[PDB]
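Undergrad: Before I ask anything, here is the structure I am working with.
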Amino acid sequence: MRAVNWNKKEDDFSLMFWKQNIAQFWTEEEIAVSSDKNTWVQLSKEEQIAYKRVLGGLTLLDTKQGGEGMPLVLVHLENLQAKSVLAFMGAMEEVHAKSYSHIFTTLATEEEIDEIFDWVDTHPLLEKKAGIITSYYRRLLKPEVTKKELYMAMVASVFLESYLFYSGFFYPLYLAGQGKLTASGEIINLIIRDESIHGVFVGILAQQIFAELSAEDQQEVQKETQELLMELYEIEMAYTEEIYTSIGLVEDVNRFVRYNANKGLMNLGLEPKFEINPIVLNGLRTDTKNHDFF
Amino acid sequence: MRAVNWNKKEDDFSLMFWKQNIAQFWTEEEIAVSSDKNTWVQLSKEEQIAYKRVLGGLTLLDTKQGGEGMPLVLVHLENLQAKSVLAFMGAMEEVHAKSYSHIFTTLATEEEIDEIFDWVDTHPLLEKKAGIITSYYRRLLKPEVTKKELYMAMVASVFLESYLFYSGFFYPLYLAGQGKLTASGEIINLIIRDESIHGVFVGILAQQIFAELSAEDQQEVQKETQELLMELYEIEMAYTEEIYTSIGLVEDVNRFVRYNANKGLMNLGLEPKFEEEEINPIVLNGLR
Ligand SMILES: [Cl-]
């Protein structure tokens, strides 16, 4: 039975991503959020509700990625060095989720927070969105998986990390780019810096598996991938209408969703399928690599 | 579908263990090991081989715990706060494995290191003991698991983290207690500080799942747990004989194995099964 041996590279990139994930390590206690209250109270009722709801949705996606996606993808990987990186990435998803709770504690009452998490649990679009992704993960709950099944779980992972978060990330970035809730904006930037490298790494692993598939299986997963992309897009368009219509931002968020869907495709080695709001860009500007990335 | 909500406690202990695991965070780059070369070269070849072999075995157990044990136990937990803790613990198992490679790079040539890992992969006792543990994990590769299956995977996890490591941890602690390889000894101590809290936490979870079983299921897993303990003991005694006979420490390591088996049992809420003894005082000084 093999032990991970870092003296003998198993691939050309796992060490670099291990080191970068470690270098980017942070926890919920490094960014104090209390100073955001001065601009929180200046938001309208409708803007506060949108902010809290998008944070709830972001929390759900991190919960599923750290607790189902990374574990089930990594257990079936044969590359022990890449397994190591994914295990660390899954732990950082849990750090991300906990950081949203830290934001909530500062900006909302105990009762308001619990109302948001009840709204998340019963929300039909969030349940549909997360169910679509996790179906590909739950297919891996068996002793032996095919490369097609593993590939499609990695696709789902890239789409969650590079794409599905961004209808939610929009709003903390939009406010921060206006000087509002900048400390929470710093946290979201740290989260984005991690998710960006997560999506690149899983996308590399997916491309390696894809090349190992038969031509017939390649054509089948290409179709499934394009269908999944658009299935999620339909749900995201319903979600942006639900969240952002009250505050006038639906079309802006949709452009941002498409931008990040294209990024997810590129992480998988695929061409863009869709043809960034400047205030969002300014809210990314606090992190040099985020602003360059986007 | 539920998102983790740390505002509303799911149990009385996950937040405390979350905070402690974060507080204990460290990586491979924080302890420079090159100063150990001065005492490494004073060891005989037999001592050096034993050290490298036991680190190879420790690396195998971390590989399986981070890459199979924690993932498969956590995926079936309903408690999202406890899931969070386990995901972090699994990542730290991978950090531990990477730290052993850091020690290897300092103390051995590239060819020597690859020889150790080939020795690990083809070792029959390491394959057997790892296979016994991972059999309980692999039973969780299905959409729905029973609480009996989850309990026995948690038992296997506590036995690995609180017990099976210690036939290997012995020798770095013993040498460090004598002033030898003390930088590597500092790393092993950081690893032990993590594994100790891992075993306590998983043991708490196991006791919770146990209380949720029918009496019939309780009687079954109680017996399976005692049998597993002693099946692993028989393998560990073969392993200590193989590793430590050359350097005269077999009976010393066996005492330490029994001590830590008892700790694993107590982490599960179970009574000790081996003669309760004082820890070897040289090892105690290596923990100091
Ligand atoms: Cl296949």
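Chains: A, B, ... in order of the structure tokens. Residues: from 1 per chain. Ligands: from 1, in order shown.
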Report as JSON, numbers by chain the set of chain A residues whose atoms approach chain B to within 7 Å, with distances computed over only C-alpha atoms.

TA: {"A": [1, 2, 3, 4, 5, 6, 7, 59, 60, 63, 67, 68, 71, 74, 75, 83, 84, 87, 88, 90, 91, 94, 98, 101, 110, 117, 120, 121, 122, 127, 138, 141, 142, 143]}

Undergrad: Okay, now the selection with C-alpha atoms, as a short mmCIF file (atom, residue, chain, number, x, y, z; two decimals), in the first residue's frame?

TA:
data_model
loop_
_atom_site.label_atom_id
_atom_site.label_comp_id
_atom_site.auth_asym_id
_atom_site.auth_seq_id
_atom_site.Cartn_x
_atom_site.Cartn_y
_atom_site.Cartn_z
CA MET A 1 0.00 0.00 0.00
CA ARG A 2 1.68 3.30 -1.14
CA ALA A 3 2.55 6.27 1.15
CA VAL A 4 2.82 9.76 -0.32
CA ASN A 5 6.43 10.35 -1.34
CA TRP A 6 7.12 14.00 -2.07
CA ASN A 7 10.71 13.17 -3.11
CA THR A 59 -22.14 29.46 2.86
CA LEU A 60 -24.23 26.64 1.41
CA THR A 63 -20.54 23.64 3.02
CA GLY A 67 -18.02 18.32 3.05
CA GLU A 68 -18.88 16.37 -0.12
CA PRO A 71 -13.70 14.48 0.02
CA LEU A 74 -9.96 13.16 -3.54
CA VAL A 75 -10.75 9.65 -2.25
CA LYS A 83 -4.95 14.16 -2.96
CA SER A 84 -2.98 16.13 -0.37
CA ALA A 87 -7.65 17.77 1.27
CA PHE A 88 -6.16 21.14 2.22
CA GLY A 90 -11.49 21.21 1.37
CA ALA A 91 -10.39 22.39 4.80
CA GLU A 94 -14.66 25.11 5.79
CA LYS A 98 -16.84 29.94 9.08
CA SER A 101 -20.54 33.32 10.17
CA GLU A 110 -28.81 36.03 16.54
CA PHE A 117 -30.16 29.95 7.51
CA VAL A 120 -31.35 28.99 2.83
CA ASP A 121 -32.49 25.50 3.82
CA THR A 122 -35.96 25.95 2.34
CA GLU A 127 -31.67 23.51 -3.19
CA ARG A 138 -22.78 11.42 -4.70
CA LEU A 141 -20.21 6.88 -3.25
CA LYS A 142 -19.20 3.43 -4.46
CA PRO A 143 -15.98 1.40 -4.32
#

Undergrad: Which residues are near residue A:175? Cut-off 10 Å, only C-alpha atoms, ignore same chain within fewer than 6 positions. Put them as a PyMOL selection string.

TA: chain A and resi 39-40+43+47+51+181-182+184-185+279-280+282-283

Undergrad: Show me which residues line ligand 1, defined as having an atom within 10 Å of a ligand atom where only C-alpha atoms and all ligand atoms count, and present them as JSON, numbers by chain.

TA: {"A": [144, 145, 146, 147, 148, 149, 150, 151, 209, 212, 213, 214, 217]}

Undergrad: For residue A:293, work out the shell of residues within 10 Å, counting only C-alpha atoms and skipping chain neighbours fewer than 5 positions away, then give it as a ChimeraX atom specification.

TA: /A:193,196,263,284,287-288

Undergrad: If you run DSSP over the backbone, which residues in stretch 74-278 of chain A end up helix (DSSP H, G or I)? Put them as a PyMOL selection string.

TA: chain A and resi 74-76+80-107+110-122+124-138+147-164+166-176+182-212+215-247+250-267+278

Undergrad: Compare B:38, B:267, B:146, B:254 by their minimum atom-to-atom distance to residue B:200, counting only C-alpha atoms, and give me the closest one.

TA: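 So, comparing all the options, the nearest one is B:267.
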